[PDB]
Every structure is written in C-alpha cells, then in structure tokens.
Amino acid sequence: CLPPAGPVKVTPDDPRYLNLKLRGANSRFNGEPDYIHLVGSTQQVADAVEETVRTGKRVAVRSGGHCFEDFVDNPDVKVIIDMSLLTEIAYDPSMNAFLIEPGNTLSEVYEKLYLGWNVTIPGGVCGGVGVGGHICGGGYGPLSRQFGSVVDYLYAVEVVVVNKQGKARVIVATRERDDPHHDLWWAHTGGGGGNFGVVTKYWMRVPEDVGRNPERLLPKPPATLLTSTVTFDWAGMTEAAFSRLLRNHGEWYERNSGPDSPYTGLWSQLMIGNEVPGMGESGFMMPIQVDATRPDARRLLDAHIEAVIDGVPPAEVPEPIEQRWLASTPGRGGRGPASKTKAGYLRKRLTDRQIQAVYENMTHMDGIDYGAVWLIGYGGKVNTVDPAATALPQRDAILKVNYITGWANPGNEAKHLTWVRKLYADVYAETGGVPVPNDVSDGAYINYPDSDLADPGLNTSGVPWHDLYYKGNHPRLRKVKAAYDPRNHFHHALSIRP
C-alpha cells in the first residue's frame, strides 16, 4: 500500500482550477469557489471539512458532477471538496462486502465488478454518474425491476460528519440492527447527497447470508440482453394515436410490474421527444431490453411491444438484437448543454386528462430546442421492500416520469423553463402543479431534484417539497440530520432541514 495522493488546494491561479470548476454535467450552473480541495483519503476529507468549519466557508462535495440542480455550482459555494482521487473498488474481507469509493463513475464500477467477480449493482445507465451522489440518493436503472434499487445493496457507509463543537469525526455506519449509527446508514439509503456529511466509502452486498464468496455477494448481471428500439413518427401521430399509445403503455405497466412477474427481467423507456439533428437519444422512441438468459426472452419482448403498439399506426419495429453485458464500454461523461428536468412517480398510468396535457404541450413547443416526456420502467423487485425500511418511500410505483427540456444558447433559458414548467403544471393541475401522492402519483425522486417544488408560485398544493420526495420518511431524516449535522454545515436548496 502506497500513500494516497493529495491533498491539493486548487486556487484560481492553478492550472487545474477551470477544469475542476467546470466539471459539472449541467452547464446551466456555475460558481467561483475560492478553492477546490482534491482529497485522496478519509483523513484528508476530515481535514478539508474542518478547514471549512474553521474559516466558515460554505462547502459542497463533488463526486461525478451530475447534479440536476445548483447544489455544487452556485455563486455561494466557496469550497468544493472534489472526490476525483477516491476511486477504490475492492472486495473488503473485514466487511465481507464490496468497497466502492465515491469518486468512481458508474461505468468504472460496472466494469470492475464484472471483470473481477461477475457481479453488478442495479444502478443508473449514464456512465459518467458518480457513485458519491448516486448511491445515497437511491440510484436505479434497467436492472432495478430484476434486483431492486442500489440502496437495497447498501451495507455500510463511512462518513465524515461535523459535531456541535465544530470537529470533524469519521463514522462507519452499518445496517446491523445493533450498530449504534444504524440511523446514519438508513439515511444514506435514499436521503440524498450533501445533507449529512461527506461519504468517503460505500460498502455494497446482498442482505442474505451467502458466505464469504465475493461472487455471491452482489447480483449476477445477465450474460446477454435482447434489445430493440421501437420508433414513432410524429407526422402520423394524431391525438387519438398518441393517446392510445400512452394508455396501452400505461396499462401494460400497471399489469406487469409485480415482483413475481416474468417481466421483472424486462425494462423499457418511452421517450416522447422532438427529434434533434445532432442527438441520437432524441425523438420519439422506446428502447427495450430483456434478460436473454431466459428461454422466454424473445416472447416477453414481442408481447411487450405488441401490447404497447396495438392500434398505433406510426410505430416502426426493427428486428431485435442480442448483446453481451457491457459489450460496448459505457459512455464517458463531460459538460453538457443546459437543461431542466422535472420528475414524478406513477403508481397507475397517467389519466386520460394527463395524457392529453402531455399531447398539448408536446405539440406546442415553438422555439424549444429539446423537450420531452420519458416514461421509465420501474417496480418489480424494488416493490418487495417496505416503505420505511430505506429512506426511499415509493415502494409500489410502476414508472418514473421525467419532464425534460434542454437549450443550446443561455439567452433562451427563460423560454425553455417556461415551457417545461407549463407542461408539468398542466399534467399535475388537479393537485396544485405537483405530483402529490394519491392513487396515481407518488411524489418525486431525490436524485432528480427540482427546486421548483419549493417555490409556492409553482407548487400551490400545500404539500412541501420534502414530503413529495420523502413522504412518511421525512421525520426520521430530520432526526438523523439533527443528530449528525447539528450545525447544518452541509446544505443546499432542497437539503433536509435541521
């Protein structure tokens, strides 16, 4: 074991400064921190934190940089603690679990877990997403119907916290019923980043006893996937055609998202977007994948597609393609165009009125570069967990819905925010412009944060932002916040209040 790299205090005259200041994904947000602190160990994270306490400089942590909101890049952040040098991925025999450090990207995790042990975690798709924010926020992705949220594999966290006296302490907190900081562990199963302290290590494993064999300690990914992308032509997509598609798709998810369904091995996303020349993920399409281990895989796929496209003339269905797990190296990352995403959970399909509001706004998008609604497969095995057993309260949803817009020139920001705000507010007009939990909706996902949910011009429901994200888990999150960050040193626009 060689000594760690770091620490480095990168000030504005250091050549690394702009690279580190600009490594956020969303180019809507900027800040001008006094310095950026690169840290190569837990002890250096403790020292960096203590320094900000002593100087009273507002801090934020950056891992992957993918925050949807201005939590890290904003004019008030004076110090960024950058986790880029903390990238260990290993079997830890003392924890009998996989140690995954916050500075890793998902694509590094998926590769290393796969090569080393033929295991994976059921996390997000976008390769550049950081472990640091993703795990504690409740990460999920295409394998979540099959294996749950990444938080259902969270065993422990090491966290640098600040006590009432202003000292930095390190706590290792496990899920063991008898661990005295078991509450801290719980809060990291969906509480979200930038609330409790600096996560320095995550430890991941199945909750069942399976011995000390690392190859049994995390789910086995599918050897191969059967994939297909159904494409839709906007020129034939009348309101009646559009609306049949959404009803078909939604009823399909209402029926086939139980944890004992054969369909826990399938995932899709319906992407309702305008087509943008430079951008392959734009337009109106539905990518699908299914675990090709299963003899039924092809049937499951065809059954899904037919249920979805029945009565929809403008659907184009290509031949399916079988692909190996991680056959093309996942993504990369980098600074993207400015965007705004709003979000909600669905327990039942969008109603006919909601479907029609999506239609109306998607057909009135003059001067909008990119605008879309994505309906993202969820449930399955996620839904075997009790609402209170992790910090994620939504344990019977079938879909996550995103309301997205993106713009190329900063000058057009206001128009695009106005567009996506109208879309969302029309869709949720019967519950004050937001996805109030009810028969249909179930609030929102903290890894897709949206400060609009705290703005009472935009949310007129009377339901605060924190009840939309956390529901009945909020009171306990508040208690953990008070117990571990009594001074509120870790905060941002939608941070759990003391």
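Each residue number is its position in the shown sequence, starting from 1.
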property	result
Of 92-100 and 229-237, the one with larger mean CA B-factor	229-237
Between 445-453 and 51-59 (mean CA B-factor, as deposited), the higher	51-59
Most elevated Cα B-factor in the entry, residues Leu350, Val206, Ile135, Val119	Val206
Residue with highest C-alpha B-factor in the PDB entry, from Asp152, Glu111, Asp179, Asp73	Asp179
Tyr370 - Cα temperature factor, lowest/middle/highest third of chain	middle
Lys201 - Cα temperature factor, lowest/middle/highest third of chain	lowest
Among modelled residues of the same chain, the CA temperature factor third for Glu430	middle
Relative C-alpha B-factor of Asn409, binned into the chain's lowest, middle or highest third	highest
Chain-relative CA temperature factor third for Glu215	highest
